[PDB]
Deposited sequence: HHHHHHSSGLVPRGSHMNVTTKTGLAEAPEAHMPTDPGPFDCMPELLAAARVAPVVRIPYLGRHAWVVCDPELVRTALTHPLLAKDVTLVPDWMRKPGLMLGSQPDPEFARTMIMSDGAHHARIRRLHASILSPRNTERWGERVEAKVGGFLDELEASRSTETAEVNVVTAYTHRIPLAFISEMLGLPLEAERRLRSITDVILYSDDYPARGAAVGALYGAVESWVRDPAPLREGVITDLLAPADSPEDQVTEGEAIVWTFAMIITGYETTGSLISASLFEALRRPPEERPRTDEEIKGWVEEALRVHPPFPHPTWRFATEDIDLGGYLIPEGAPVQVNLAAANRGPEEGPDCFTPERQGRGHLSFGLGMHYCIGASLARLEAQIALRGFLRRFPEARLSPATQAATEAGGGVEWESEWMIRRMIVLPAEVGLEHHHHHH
């Protein structure tokens, strides 16, 4: 059986595309959407999504992407030569295992109480910078600054570049102009290469550790590609999870807000389920013809999965935050081989940032909220609040 045709917003703009994406999951478990003049398959039924994420015949190597998707400014049209270096999310099999293993030998000994106390020290400083200022946009004043400040110190980037990097990735991930996206992607690659080949303006951190001393040798090219990947993924979605968690707390009476360590952990989990920063993740390609739920996915087919629809049943709807659910059964970090490597980091930062704000402004309220989203990324750009007093 062939998958029927539905419609998702493919270009980013100032709207919340959530009702359009959940409406396309109602078409069929597998659907075909118009994308870049051709079509793309998407899995929408939750269990069918969970099997697609693990499918042995759905690969992600850059040798499989057809030419009509390799457009400059987009991820698939921005990869390097796979023989020189591959990014972790776009490798398969033993290639992926080596890249993932080398990334996990970084920063030994990794103690999360150390990671967290530094997350806490930065959350306090931005809460103070906030208190040093009646409506407040907590997105631009809090949720944006925290994950950026940590990943820069963790990577060891020079403090001068931190103010400029937010504006570069903003274009790569949310602009609707392809030339601007092609320029911002090249600007990041050219800056990363300058830092790796000449590590003088860098602080000791992750990057200098990859350029250090048998079988765990990281080439200069892999150091650049992996650093680029970690700048693209290292803070943007973490800030979207922080703001999304705060939105659901600020909109409720202070009594219904989490206070315990357990309720804060369950709160950030339910925010991941309801507001996936990646409503659809990265691309996969059928190495053989596949049937999923009676629907055909032909060979070489580009396939995506509806994480926003897999996180909900047929009953929920776009606004379905339930503190009792605690995000049980969400697929927002992926599953299996390519499960998010920075999931523990994004959780601990979301948990610390959400608790830090609620302990500092116990009488905060929302009192509008604007989104920026496409079918593959979703974020709040203002969350206007009224903070009250400490």
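Q: Lining up the deposited sequence with the coordinates, I want the ranges that have no C-alpha atoms.
A: Unmodelled stretches, in sequence order: 1-25, 159-163, 244-246, 401-411, 435-440.
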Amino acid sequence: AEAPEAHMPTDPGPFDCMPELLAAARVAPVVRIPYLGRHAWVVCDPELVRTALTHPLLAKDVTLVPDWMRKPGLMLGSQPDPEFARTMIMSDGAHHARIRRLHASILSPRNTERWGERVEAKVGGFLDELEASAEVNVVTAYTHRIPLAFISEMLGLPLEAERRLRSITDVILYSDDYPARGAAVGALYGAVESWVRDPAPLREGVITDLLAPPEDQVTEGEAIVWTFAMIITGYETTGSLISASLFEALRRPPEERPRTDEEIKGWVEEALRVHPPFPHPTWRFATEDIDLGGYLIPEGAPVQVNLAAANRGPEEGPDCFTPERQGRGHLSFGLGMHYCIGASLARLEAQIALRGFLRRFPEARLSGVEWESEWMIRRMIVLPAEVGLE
From here on, numbers count along this sequence of modelled residues.
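Q: In the PDB record, does 23-31 or 347-355 carry the higher mean Cα temperature factor?
A: Between 347-355 and 23-31, it is 23-31 that shows the higher mean C-alpha B-factor.
Q: Out of 201-209 and 181-189, which one has CA B-factors that are higher on average in the deposited record?
A: According to the entry, 201-209 carries the higher average C-alpha B-factor.
Q: Can you tell me which of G317, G234, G156, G77 has the highest Cα temperature factor in the record?
A: Max CA B-factor in the entry, restricted to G317, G234, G156, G77: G317.
Q: From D289, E270, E222, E248, pick the one with the largest CA B-factor in the entry?
A: Result of the comparison over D289, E270, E222, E248: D289.
Q: Check where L296 lands among this chain's C-alpha B-factors and tell me if it's the lowest, middle or highest third.
A: Its C-alpha B-factor belongs to the middle third of this chain's values.
Q: Quick check for you: using the entry's CA B-factors within this chain, is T227 in the lowest, middle or highest third?
A: It falls in the bottom third of the chain.
Q: Among the modelled residues of its chain, does the C-alpha B-factor of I146 lie in the lowest, middle or highest third?
A: Ranked within chain, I146 CA B lands in the lowest tercile.
Q: Please place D170 in the lowest, middle or highest third of its chain according to the CA B-factor in the PDB entry.
A: Lowest third - that is where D170 ends up once the chain's C-alpha B-factors are sorted.
Q: For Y339, return the chain-relative third of its C-alpha B-factor as stated in the PDB record: lowest, middle or highest.
A: Lowest third of the chain for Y339's C-alpha B-factor.
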